[PDB]
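# Overview (structure and organization)
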Amino acid sequence: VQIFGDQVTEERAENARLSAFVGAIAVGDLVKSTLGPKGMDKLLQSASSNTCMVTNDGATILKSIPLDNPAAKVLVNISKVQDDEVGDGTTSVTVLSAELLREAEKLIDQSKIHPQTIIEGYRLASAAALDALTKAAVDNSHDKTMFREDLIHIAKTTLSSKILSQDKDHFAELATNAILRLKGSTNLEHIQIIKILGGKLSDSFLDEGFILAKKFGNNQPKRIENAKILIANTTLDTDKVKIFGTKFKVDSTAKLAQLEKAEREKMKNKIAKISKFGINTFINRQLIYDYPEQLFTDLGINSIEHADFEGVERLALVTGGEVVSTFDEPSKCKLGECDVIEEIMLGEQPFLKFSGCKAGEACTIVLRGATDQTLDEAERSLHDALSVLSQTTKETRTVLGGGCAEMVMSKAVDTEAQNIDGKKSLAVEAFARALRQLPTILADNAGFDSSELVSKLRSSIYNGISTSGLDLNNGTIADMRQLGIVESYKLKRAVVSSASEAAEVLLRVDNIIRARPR
Amino acid sequence: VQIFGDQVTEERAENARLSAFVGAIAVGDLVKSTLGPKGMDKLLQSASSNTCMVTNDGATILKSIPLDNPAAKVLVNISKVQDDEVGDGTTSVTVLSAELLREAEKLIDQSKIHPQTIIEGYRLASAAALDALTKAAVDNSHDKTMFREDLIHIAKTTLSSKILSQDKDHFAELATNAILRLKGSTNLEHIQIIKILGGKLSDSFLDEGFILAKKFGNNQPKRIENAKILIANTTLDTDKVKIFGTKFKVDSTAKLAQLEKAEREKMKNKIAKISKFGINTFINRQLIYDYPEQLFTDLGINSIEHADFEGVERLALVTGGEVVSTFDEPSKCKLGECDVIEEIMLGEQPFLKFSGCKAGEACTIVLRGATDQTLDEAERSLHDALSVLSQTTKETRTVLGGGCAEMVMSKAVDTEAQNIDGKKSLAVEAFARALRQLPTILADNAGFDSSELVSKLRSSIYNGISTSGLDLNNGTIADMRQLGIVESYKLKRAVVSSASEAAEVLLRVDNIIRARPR
Amino acid sequence: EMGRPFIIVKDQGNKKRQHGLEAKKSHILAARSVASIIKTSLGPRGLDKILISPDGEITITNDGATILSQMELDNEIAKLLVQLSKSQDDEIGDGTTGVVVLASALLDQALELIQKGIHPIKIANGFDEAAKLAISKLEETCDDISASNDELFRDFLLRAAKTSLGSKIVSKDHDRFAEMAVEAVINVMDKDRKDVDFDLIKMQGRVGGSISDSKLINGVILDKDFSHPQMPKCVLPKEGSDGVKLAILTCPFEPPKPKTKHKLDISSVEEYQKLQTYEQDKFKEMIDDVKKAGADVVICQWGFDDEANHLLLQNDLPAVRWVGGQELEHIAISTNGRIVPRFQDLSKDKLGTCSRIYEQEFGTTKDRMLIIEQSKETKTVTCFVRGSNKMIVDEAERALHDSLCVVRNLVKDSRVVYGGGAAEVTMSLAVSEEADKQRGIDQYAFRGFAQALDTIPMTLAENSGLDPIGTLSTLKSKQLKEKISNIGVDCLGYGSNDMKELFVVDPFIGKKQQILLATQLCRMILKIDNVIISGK
Amino acid sequence: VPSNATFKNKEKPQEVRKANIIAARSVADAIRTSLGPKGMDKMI
Ligand SMILES: Nc1ncnc2c1ncn2[C@@H]1O[C@H](COP(=O)(O)OP(=O)(O)O)[C@@H](O)[C@H]1O
Ligand SMILES: Nc1ncnc2c1ncn2[C@@H]1O[C@H](COP(=O)(O)OP(=O)(O)O)[C@@H](O)[C@H]1O
Ligand SMILES: Nc1ncnc2c1ncn2[C@@H]1O[C@H](COP(=O)(O)OP(=O)(O)O)[C@@H](O)[C@H]1O
Ligand SMILES: [Mg+2]
Ligand SMILES: [Mg+2]
Ligand SMILES: [Mg+2]
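The rules behind each value
Residues numbered from 1 in each chain as written, not as in the entry; some residues may be left out. Chains lettered and ligands numbered in written order. Part of a larger assembly, values for the part shown. Heavy atoms only, no water. UniProt positions renumbered as here; feature names shortened; annotations may be inferred. Axes fitted to C-alpha atoms, helices over the stretch in contact; angles between N-to-C directions. Helix = DSSP H or I, 4+ residues; strand = E, 2+ residues; numbered from the N terminus. Parallel < 35°, antiparallel > 145°, perpendicular 65-115°, else oblique. Left-handed = near helix turned anticlockwise from the far one by under 90°. Contact = heavy atoms within 4.5 Å. Nonpolar A, V, L, I, M, F, W, Y, C, P; charged D, E, K, R; others polar. Buried area = accessible area lost by both parts, 1.4 Å probe. Salt bridge = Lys/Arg side-chain N within 4 Å of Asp/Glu carboxyl O. Polar contact = N/O pair within 3.5 Å; in protein donor to acceptor, adjacent residues only side chain to side chain. Pairing = 2+ DSSP bridges. Near = heavy atom within 4 Å. Areas by Shrake-Rupley, 256 points an atom, 1.4 Å probe, with all protein chains shown as cover. Patch = residues over 30% accessible without salt bridge, like charges linked within 9 Å, V, L, I, M, F, W, Y side chains within 5 Å. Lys, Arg positive; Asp, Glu negative; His and termini not counted. Charge placed at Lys NZ, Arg CZ, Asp CG, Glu CD.

Per the PDB record, the structure was determined using cryo-EM to 3.20 Å resolution.

Within the PDB entry, the label attached to chain C reads T-complex protein 1 subunit epsilon, and the organism entered is Saccharomyces cerevisiae. Its UniProt record, at the heading Function, says of chain C: "Molecular chaperone; assists the folding of proteins upon ATP hydrolysis. Known to play a role, in vitro, in the folding of actin and tubulin. In yeast may play a role in mitotic spindle formation." UniProt annotates chain C under Subunit with the comment "Heterooligomeric complex of about 850 to 900 kDa that forms two stacked rings, 12 to 16 nm in diameter."

Under the PDB entry, the name given to chain A is T-complex protein 1 subunit beta, and the source organism is Saccharomyces cerevisiae. Under the UniProt heading Subunit (literature references left out), the entry covering chain A gives this text: "Heterooligomeric complex of about 850 to 900 kDa that forms two stacked rings, 12 to 16 nm in diameter (By similarity). Interacts with PLP2; this interaction leads to inhibition of CCT complex mediated actin folding." Of chain A, the UniProt comment under Subcellular location reads exactly: "Cytoplasm".

With that settled, the discussion passes to the packing of helix α12 (residues 422-435) of chain C against helix α13 (residues 443-453) of chain C. Residues and elements named next belong to chain C. At a closest axis distance of 8 Å, the pairing of α12 and α13 adopts a crossing angle of 165°. With respect to each other, α12 and α13 are oriented roughly antiparallel. Two packed elements cross with a definite hand, and for α12 against α13 that hand is left-handed. The residues of α13 that touch α12, namely those facing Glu-424, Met-427, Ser-428, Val-431, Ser-432 and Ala-435, are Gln-443, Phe-446, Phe-449, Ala-450 and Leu-453. Looking at the contact of α12 with α13 residue by residue, the classes come out as seven nonpolar, three polar and one charged.

It is worth spelling out the environment of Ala147(C) at this point. As for its placement among the helices and strands, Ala147(C) is situated in the loop between α5 (120-141) and α6 (150-165). When the C-alpha positions of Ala147(C) and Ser496(C) are compared, they lie 28 Å apart, and in sequence the two are 349 residues distant.

Residue-level contacts link 75 residues of chain A with 78 residues of chain C. Note on chain A versus chain C: buried area summed over both sides is about 6800 Å², and carbon and sulfur give 54% of it. On the chain A side of the contact with chain C, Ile3(A), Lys242(A) and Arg508(A) bury the most area, a combined 11% of that side's loss. Here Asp510(A) ties to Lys49(C) by a salt bridge, and the two come within 3.7 Å at their closest N and O atoms. Linking chain A to chain C there are 25 residue pairs in polar contact. Take the side of chain A that touches chain C: its biggest share by element is nine residues, from helix α3 (residues 70-85) of chain A. Its residues assigned to classes, the side of chain A that touches chain C comprises 27 nonpolar, 19 polar and 29 charged. Pairing of strand β7 (residues 246-247) of chain A with strand β6 (residues 264-265) of chain C involves two bridges; the strand directions are parallel. Residue pairing for β6(C): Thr246(A) is matched across the bridge by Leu264(C).

Residue and element names in this part refer to chain B. Strand order across the open sheet formed by three strands is β5-β12-β11, with antiparallel pairing between neighbours. Where the open sheet ends on each side, the last strands, each with one partner, are β5 (211-212) and β11 (344-345). Bridge count for β11 against strand β12 (residues 350-353) is two bridges, and the pairing is antiparallel. Residue pairing in the sheet places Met-345 in a bridge with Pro-350 of β12.

It is worth spelling out the site of ligand 3 at this point. All names here are of chain C. Among the 16 residues in the neighbourhood of ligand 3, the closest are listed as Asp-94, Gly-95, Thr-97, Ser-167 and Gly-420. Take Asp-63: an N or O atom from its side chain is 3.3 Å from an oxygen atom of ligand 3. Measuring from an oxygen atom of ligand 3, one finds a backbone N or O atom of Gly-420 at 2.9 Å. Contact with the protein chains removes 87% of the 570 Å² of surface that ligand 3 exposes when unbound. It is helix α4 (residues 96-116) that provides the largest number of residues to the shell around ligand 3, a total of three residues. Of the residues assigned to the shell around ligand 3, the class counts are four nonpolar, eight polar and four charged.

Another point: a negative patch on the surface. All names here are of chain C. Taken together, the side chains of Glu-151, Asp-155, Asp-175, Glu-179 and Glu-183 present a region of like negative charge at the surface. Going through the elements one at a time, α6 and α7 (174-187) are the ones with two or more residues in the negative patch. Relative to the elements of secondary structure, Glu-151 occurs in helix α6.

The next thing to look at is the sheet that holds strand β3 (residues 205-207) of chain C. Residues and elements named next belong to chain C. Spatial ordering of the open sheet is given by β3-β10-β4, a layout of three strands whose pairing is mixed. Every other strand in the sheet has two partners, leaving β3 and β4 (215-217) as the edge strands with one partner each. Pairs of neighbouring strands in the sheet enclose a mean axial angle of 30°, with direction left out of account. Bridge count for β3 against strand β10 (residues 382-387) is three bridges, and the pairing is parallel.

Let's shift gears to the site of ligand 1. Residues and elements named next belong to chain A. Taken together, 16 residues sit near ligand 1, with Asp-88, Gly-89, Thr-91, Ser-161 and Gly-402 positioned nearest. The contact in question runs from an oxygen atom of ligand 1 to an N or O atom on the backbone of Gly-89, over 2.6 Å. Within the contact set of ligand 1, an oxygen atom lies 3.0 Å away from a backbone nitrogen or oxygen of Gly-402. In isolation ligand 1 offers 580 Å² of accessible surface; the protein chains occlude 86% of this area. Of the residues that constitute the shell around ligand 1, the class distribution is six nonpolar, eight polar and two charged.

Now the structure itself:
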């Protein structure tokens, strides 16, 4: 008795677990090459308008590619949350969560372990895993110079995976200065990344100011000094009063000539109130029409038009002033200050350069690269780099990487497996062996041995040296403190918790129900 | 470019490999349930003529199922030739060949070892396995009582997986008694399988002499005491004379009536030549016309017509005489003698039963059952039993069964694994785990824990003893010599040799070229 | 026919019929097809299932109602089971899976009795008498908990809270979700411990973080930022004050205009300048009204323009826009404030009171979500649930919703029973005992219901991987040996089939509802003889 | 007690055996009417 309708695919047998497990293996193997510093970039061919996209992050790749498997959606969704939460470590969650299901496959088939036992071991194994990071962390909050050095090494670790592995020595100073500029503001929207194609990749810079994408309107000068900035959000152009039911009962056109004159008088009166501040620059988000633009010429005030609302927030914080409207009361209102303003040209589009501002609560980064795809990759990289360093301020604790983070978890996880005697020990050992594969694929991408190199890292830590790790440029074990690579505590806490809970999803599934497409 | 043309599937080094391994997994998972004594039989539904087939043999399962995968065709052919050589153990070849590739899939992916290096480990591992298999064997045939007992144990071990598992205590006598009656002659054509509907499975009885499905003539009697048997590959039909090209020119029909008189007198003199011996029955290969049939009435001779080609040799060897066609010299060609020539009825078809013959070099296995699907399983089951026991006559060496042959072979492989340097030692251990996976599957089909019995069996045999095995009835380790489980030496030698060659063919693949179908 | 087209109903050739015994076999096998889906899901050792909607969205659920709700079916017999699980989900919110397998258990045992030739009404009347007899027995044996004090009554909720969370994901952090679930009801409850309002506590999930980051906060969740974010994000109260003096308004900041369409005619330049004066004085009078009222944070329903951003920023007055009317219903009850319609009716008595207002990021760029917290007990609790996946946090919503519903059943007085398969077996042996003297024609009808109740313990035996016959034999022999009826099948293997000790409790009203909906549907399905279905 | 010594994978044989039993019983229901003296005849 077929209770379901026509064209209803249902799998209530071993093929359901096989179809769900092979889907994660396909998603897992897709991202094995993108992990590590020697990883290869991937290429995406869009189906609409031939809009290509080059990206190394697994979140952008898996969201762009179509996948009809329900298991693929979990790997897509866990990567989207990791991309939005931290902004780094998405491929580690995808490859680790798939490897946990890969390691859990042989327990179901060969050893015939219950699914409730595998997850029960992962609960106790994940608990001991996070406890290893509790003692393995180090707080560098007592000294700002050491914390300044920590943001360097975290930038070295995050930027090495992208195409900027050579130029990370220069952008590490650029990345950490933007974080010290923001002085704790973890909002990534306060950094404008201006995209410019052409020039050498190392020609990027970080000017102490805010760079506009637009220019002056008609005749206002390029070079000035000692300018007072005033920002406004209201219309300031052909003022349509708040009630639209207004009308003019005109008995003669001569009186209507006075009414349009009265609209110019109040606008002339409004610009007269702007001059009471004694300013030299005025900025408004709405596009400025011709009539109020002309009155700024006699007053000696500059005018900038059509600024975006997200840029007004960046513009207010770099200038250090305040957005002013309802200009009758100039006493309570506040305005910013700047030393020099000058219009520049980087390529074809001109830009406005600000330098010497008082407040430095925000900045803008100008990238320079050969193509729009390399420039885009650069943006995706800096965004991932600045996202990790931004959360490092609120979460000062850090963890050493390079295979040492995954192994010190396995050292504590393997110790706890003996005190839980029974059939659960195989599940906890499967969680341990899943963690050994992260330094394995990191060695496979560089073209080194998978067994002997991991075996040397195994013996080095149990001897009583909790600072050993993999070094990929030479292919041998080296000290992590001397090389200077380290990750944040929130990152390693996130990928272990995300990959652990991701394994809990597709292990509690036995039946797959597919309704009709719409 | 496209040289291969339209509708030609090609694969290169990541689609080529992992398509044969998943095909080896696909063909292996089907025959996993059929292995062992507690295995479930697979039912095959034909696509045309609604023909069903109940069968447990792995070769017959792969004969009927279509498989377009080229890697699965290798497993189809190796089960065919294994059925041709020994007749039993085709499922063990497919399981061991699939698990060898399942292990080698991990050695290529995890350990990153070349495929040629894996084969070089299997060559040394297979050599150590066959040397341990040769030394683990035991001589036989010096005492006929021990040779009688070992054939009974081999018949019990063979029929334990088939439908005769419950009645193998009775069928073992029926299987071993027929083989000893052959007097060393190794041939399966001398054994008939008569299909009879009705009764139950244990109603199969041992026949004294030879029985077949034929009938007497129209006028012949029911019983003749001490009948002399003769076999004619003759033409008692319208003989013609053999110089084809004879015609009869006739000037008048007076001599034509005398010509037809000469034709009847020609065959009369031929039947008169038969009566010079004084036989009591006459067996002819082809149909006997009525005029010869009437002449055997007054002479007191029985008549049997339409004998198969196999039936001539099957009846002549029991009679002891030789096939005669000339009938010229009565001196040579001494015929046999049979006491009881009375026919019996088993079901709705009468069968000519003989008893009290000179020799019993050919036999006949009478079977009883409910469904023809069960009789077809009864035919294939005893055909595998009689094929193994028939080859045990020529090849005397045997080896203990019950999974002990797999583990005792892996002991020498594990011993030789340590002294081999390089990366191929891991492949030598992969061969050992493949041998260990067979008794792991025997415990899965029985519904008992596999890891405990394999661990107890593995730890027990390394202590020094080599007679332990798996007892699936009780679910524990027991002595195989007490239960009486033993198999032939050429069977396991063919399985390990065929499985080693099976993995060797599919591991030396890098591309797939599938031309257009006709 | 007689040659003419013999047609009666419209679309004669499309629809079919089914009668006799074949109509019954289509019904029972259709229930077994649905029961196999639910049988491998029930119990603590169950397994989730993925329901792919037509729009591509998926939901990882192991509750019977959400599975059957998002399932595209054709057979009407399963569609009645879709509504039966939805019936258990709406009112009680516990036992959806149980009803589906229990109704199938009555249907499976009814198949054997139809073969014997018993009329379906005698079958249906037998379960009705057996169901009320089992309810009458179970009402006597269960004990009351109202005699205990409030300290022990909290523990009884923890017994049921851990029971409801388990069998669901959210079974790790389940010890804290039990405390969090009980802590939600301690704040929102009546002084007489009766008829608590469930609508005061709404569900709210957030895609992000981990399960450990979830915590309790007494306030409202708004998915928006403050207006013109130049002010500090976390506003604090004054040094000496009763609170932040929350203000809510259902009037946008604009000049007062008529609701009807109007035509304000300006026939002179002097009147045009008075319109400019009227435009500015209204905004000046507006900010002076809220200034004198002492409000710090203002909540506006219908938004406002950009002119009020600077007036609100200089006076240190945060504000928001586009706050829906449903959220204002939640803000007034939480902060104990009265929503004023306009500024002329503005008074200090109508303003609310709360501890503090602040906002955090939760990550990079997702969205700024507002948070409110109270300094004492209030009549509103908003669960702040986090999750690593959208399906995790979506399942955690309906899982915690069922947890609050199970505690809601215990708010009713004297409704407690120890589950774990004990309630099924203790109601089963008595029905077989009554049949020995109440034989009649319905002797096999009681035996069918006695065997149908025991299937849920056998379902737990299959999922746990134990021998069913040895389990039911030990439970049946133990119930006959001793009249203590709180021993059941323990799947987590903590030893001891005893259960008050394990701490497994289910609500008494939920357990009797299992056999009621199961028996009430079985009475309906057995009445069906003709099955007319039309083509789609 | 639980989570030990086995886990029953590949439940499709259980589903196939149920399908074969109900398929055989459904055919037997048509033959069941022809039993005994009060049975009926069948035209095919
Ligand atoms: N020069 C290096 N030496 C040693 N280890 C490195 C080096 N560069 C990168 N790594 C390691 O490679 C890993 C790169 O991870 P990453 O690609 O950033 O993950 P995701 O892309 O998922 O965020 C880090 O964990 C780091 O330890
Ligand atoms: N009675 C038995 N007790 C234990 N093991 C057995 C028994 N009978 C057969 N086996 C095991 O089953 C395995 C395969 O048996 P076989 O007859 O080859 O099955 P198939 O013909 O299906 O391949 C052998 O390796 C043997 O050890
Ligand atoms: N931790 C536990 N220990 C013992 N029994 C439990 C436990 N959790 C749930 N059960 C039992 O499992 C049965 C099925 O509950 P379940 O199907 O998970 O709830 P629902 O039907 O509301 O989804 C209940 O009868 C209950 O007694
Ligand atoms: Mg990275
Ligand atoms: Mg065999
Ligand atoms: Mg529940």
